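S.K.: One structure follows; several queries about it will come next.
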There are 2 protein chains.
Amino acid sequence: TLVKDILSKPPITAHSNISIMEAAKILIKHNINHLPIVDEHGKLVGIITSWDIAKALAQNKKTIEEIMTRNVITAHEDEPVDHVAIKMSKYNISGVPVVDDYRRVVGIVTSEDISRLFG
Amino acid sequence: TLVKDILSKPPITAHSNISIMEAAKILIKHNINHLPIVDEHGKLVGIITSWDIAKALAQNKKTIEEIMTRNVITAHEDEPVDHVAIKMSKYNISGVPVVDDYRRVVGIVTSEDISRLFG
Ligand SMILES: CSC[C@H]1O[C@@H](n2cnc3c(N)ncnc32)[C@H](O)[C@@H]1O
Ligand SMILES: CSC[C@H]1O[C@@H](n2cnc3c(N)ncnc32)[C@H](O)[C@@H]1O
Ligand SMILES: CSC[C@H]1O[C@@H](n2cnc3c(N)ncnc32)[C@H](O)[C@@H]1O
Ligand SMILES: CSC[C@H]1O[C@@H](n2cnc3c(N)ncnc32)[C@H](O)[C@@H]1O
């Protein structure tokens, strides 16, 4: 089955012009663990997850841009699911932003979603 | 295959008498996302993961005991692996403390480990 029909459906993103503590509220608010960071257009710059929030406390880092995993692993909306499953394990991550061909963010898949194909 | 032979091998735990920020350093130091919280004996009271650290910032919580998921899902050292895999998805968590029969902590399995049985 294709990623286009499993993914979380309007993405929640953030420009890097926000405080660590705001991001945290964002994550906690929607009950999410993955926050794609987008530029002014909407194109994909990096990814924050609760791990980064705890990195920020741990090393006294203060800005989103300082800690966002600058190089994000992503999925294409026509990329078969099974293949994304394999991808997240092999790289040990639980979520990928889904991108259109311009690196604009159209959604997100988490293992949380993949495990409704586990039954 | 049995959990006893996949698990991470001396556990890293913490009594709740530590600061959020220390826990974070603990997680970042060993490169872990799961911190079992133990009492004076060593028996299993709750679990902290980086998610809780971001909950702590989010709601201005200040103590480990305030935020540790008081009721932890665990695995037995003779519990077959496959079954623990199923357990973490169905409950959407990536790590379980492994317990002996007195609820003392003997190890931990993460999906990170299970995915070396994925090949
Ligand atoms: C974390 S489980 C709850 C849901 O949140 C979704 N999710 C996680 N991160 C995001 C995000 N940045 N935008 C939209 N949905 C998300 C996941 O795909 C899952 O369905
Ligand atoms: C696995 S957690 C360690 C790092 O993984 C990063 N991370 C989580 N998901 C992804 C992804 N899809 N691509 C790249 N890095 C990621 C987080 O920002 C964290 O710094
Ligand atoms: C998170 S991936 C790196 C390793 O850390 C292990 N790990 C995670 N949390 C703990 C812990 N509290 N004590 C010992 N090992 C851990 C995992 O089982 C994995 O092998
Ligand atoms: C899935 S993340 C949301 C909550 O899950 C908790 N959590 C993570 N692993 C476990 C586990 N093995 N048992 C119970 N709760 C857990 C974390 O402390 C967090 O508050």
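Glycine gets a Cβ as well: all are built from the backbone with ideal geometry, and neighbour counts include every protein chain shown. Throughout, read-outs are computed from the coordinates displayed, never taken from laboratory work.
S.K.: Looking at the square roots a ≥ b ≥ c of the eigenvalues of the Cα gyration tensor of the protein assembly as shown, which shape do they give, rounded for a/c under 1.5, prolate if a/b is larger than b/c, or oblate? Don't jump to the answer; show the numbers that get you there.
M.R.: On the way: a/c = 2.33, a/b = 1.27, b/c = 1.83.
Oblate is the answer for the protein assembly as shown, as a/c is 1.5 or above yet b/c matches or exceeds a/b.
S.K.: Quick check: from the Cα gyration tensor, does region B:39-114 come out rounded (a/c under 1.5), prolate or oblate? Don't skip to the end; give the middle numbers.
M.R.: Values: a/c = 2.88, a/b = 1.42, b/c = 2.02.
Verdict is oblate for region B:39-114.
S.K.: So how do A:88, A:21 line up by other beta-carbon neighbours within 10 Å, fewest first? Please list the in-between numbers first.
M.R.: Details: A:88 20, A:21 14.
Fewest-to-most ranking of A:88, A:21: A:21, A:88.
S.K.: Taking the rotation axis that maps chain A onto chain B, which residue of A brings its Cβ closest to that axis, and at what distance in whole Å?
M.R.: Measuring from each Cβ to the axis, the minimum is at A:50, 2.
S.K.: Using label points projected 7 Å from each Cα along Cα→Cβ, tell me how many nm separate residue A:73 and residue A:103, to one decimal.
M.R.: 1.9
S.K.: Among the helices of chain B (complete DSSP H runs), which have Cα atoms covering no less than 15 Å along the helix axis and a Kyte-Doolittle mean of at least -1.0? Display every interim value, and only then the final one.
M.R.: Numbers: long enough: B:20-30 (16 Å, 0.75).
The qualifying helices are B:20-30.
S.K.: Which of the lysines could a cross-linker span from residue B:43 if the Cα-Cα distance has to be under 30 Å and same-chain partners fewer than 8 positions apart are dropped?
M.R.: A:55, B:4, B:9, B:25, B:29, B:55, B:61, B:62, B:87, B:90
S.K.: Next question. In deg cm²/dmol and to the nearest 500, what is the mean residue ellipticity at 222 nm of chain A if only DSSP H runs of at least 4 residues count, each as -39500 (n - 2.57), divided by the residue total?
M.R.: Working: 5 runs with 38 residues, N = 119.
Calculated from helices alone, the mean residue ellipticity at 222 nm is -8500 deg cm²/dmol.
S.K.: Please find, in a Gaussian network model of chain A (springs between Cα atoms separated by less than 10 Å), the residue of A:18, A:108, A:48 whose mean-square fluctuation is greatest.
M.R.: With Cα springs under 10 Å in chain A, the top fluctuation among A:18, A:108, A:48 is at A:18.
S.K.: Please report, for residue A:87, the nm distances (one decimal) from its label point, 7 Å out from Cα along the beta-carbon direction, to the equivalent points in the remaining copies, shortest first.
M.R.: Distances between equivalent label points, in nm: 3.1.
S.K.: Here is a further query. Obtain the nm distance between the two label points defined at residue B:30 and residue A:12 by a simple spin-label model: each point lies 7 Å from its Cα along the Cα-to-C-beta direction.
M.R.: Distance between label points: 3.0 nm.
S.K.: Another one. Find out how many positive minus negative residues lie around residue B:16, taking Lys and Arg as positive, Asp and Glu as negative, among other residues whose Cβ is under 14 Å from that of residue B:16.
M.R.: After counting each charged neighbour, the total is -2.
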